[PDB]
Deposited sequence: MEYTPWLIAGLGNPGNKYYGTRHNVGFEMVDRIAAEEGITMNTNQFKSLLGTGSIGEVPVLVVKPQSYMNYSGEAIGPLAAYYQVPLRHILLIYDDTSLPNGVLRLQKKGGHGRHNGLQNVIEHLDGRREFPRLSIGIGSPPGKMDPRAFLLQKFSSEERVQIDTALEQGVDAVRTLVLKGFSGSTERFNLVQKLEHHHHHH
């Protein structure tokens, strides 16, 4: 009966990255931990993590400390250590392919995600929670945009997203969707307009 889940949000550690668009996954993970009362003191495998459960389901919430593109250096070994099956590895990260605040849940672009993919022996069949941050504007390249803080209007949407994502994580893991994740994806898109 031991099948923990690994909830990892991606980002770059440090005051330098605090509040930036690219760190949204870190925000979400700080949110889930908080809500669940899980402290992330533990430092292992290039990451800070905490342990607890969602309902009866045991989980580990993590924030890799190796920097975005090398997230796999943490996740891969971390999963092995705790014996987390691929299907229970939930990655949360910023997605430019979706408008601001639209979440997307999938179970099978972004550098952190390729590296993680790389370390999970290329396997791809794990669930992922994308948090949209929109498209960057084609000047200072699509690079300072990510390293920039969210405008106030964007924050609105973002804060709403953090709240709904927390719920989405709890449903996937414990509750059950009670529709397909694709229906949740549809509702996200619609909500962007309301």
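Unmodelled regions of the deposited chain, listed from N- to C-terminal end, are 1, 110-113, 200-202.
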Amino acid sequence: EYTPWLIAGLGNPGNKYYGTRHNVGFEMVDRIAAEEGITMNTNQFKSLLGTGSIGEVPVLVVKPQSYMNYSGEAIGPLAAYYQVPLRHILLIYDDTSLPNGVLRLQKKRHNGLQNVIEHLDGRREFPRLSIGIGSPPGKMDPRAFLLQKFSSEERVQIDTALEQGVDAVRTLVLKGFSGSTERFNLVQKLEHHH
From here on, numbers count along this sequence of modelled residues.
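Relative to its counterpart among 176-184 and 10-18, 176-184 has the higher mean temperature factor, C-alpha atoms as listed in the PDB entry.
As recorded in the PDB entry, 115-123 is the stretch of 81-89 and 115-123 with the greater mean C-alpha temperature factor. Based on the entry's C-alpha B-factors, the most elevated value among 165, 52, 138, 134 belongs to 138. As recorded in the PDB entry, 40 shows the highest C-alpha B-factor of the residues 40, 59, 169, 28. In this PDB entry, the Cα temperature factor of residue 158 sits in the bottom third of its chain's modelled residues, the lowest group. Residue-level temperature factors show residue 149 in the middle third of its chain, judged at the C-alpha atom. Among the modelled residues of its chain, residue 130 has a C-alpha B-factor that falls in the middle third, as given in the PDB entry. The deposited CA B-factor of residue 65 belongs to the lowest third of values across its chain.
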